[PDB]
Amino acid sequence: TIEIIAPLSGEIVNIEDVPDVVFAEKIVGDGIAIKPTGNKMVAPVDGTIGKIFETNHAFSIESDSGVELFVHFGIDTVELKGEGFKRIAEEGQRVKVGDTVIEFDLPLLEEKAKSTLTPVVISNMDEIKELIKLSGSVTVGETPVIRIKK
């Protein structure tokens, strides 16, 4: 069993409840969303950073275990054109669970973002046998949010 650790603090939300079909309908994969309360986003697995959006509000990571994840702050955040976000990590950087990747200005985001719901998804669906979603409140870099069986 592989455990995916909270990339940010806040409360776990049903992915299907996200206001974005691309996510709500699992086109890219399945996972969970998080209504944020913190100030940053960390690596949820040990592995390699893949890509970071040029607006720095999203990023992908490859775990050593072989799981591919996509973490996207809020809904339609691109429109914000990078406001309120700072990139910490670098593209193919080698990271560990809890390593900071992006830092955000929530109060600002809460004001200007259409949504602050943050999808955490396994873009790797075919390669995995089973995905178990957890519930409740999570602490950045501490709590499991998803458990998989590969």
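Start at 1 and count along the sequence shown; that's the residue number.
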| query | finding |
| --- | --- |
| Per the entry, higher mean C-alpha B factor between 61-69 and 31-39 | 61-69 |
| Between 121-129 and 79-87 (mean CA B-factor, as deposited), the higher | 121-129 |
| Member of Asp99, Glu54, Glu111, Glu103 with the greatest C-alpha B factor (per the PDB record) | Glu54 |
| B-factor third for the C-alpha atom of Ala6 within its chain | middle |
| Third assignment of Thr116 from its chain's C-alpha B-factors | highest |
| Chain-relative CA temperature factor third for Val22 | middle |
| Third of the chain's Cα B-factor distribution that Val140 belongs to, per the entry | lowest |
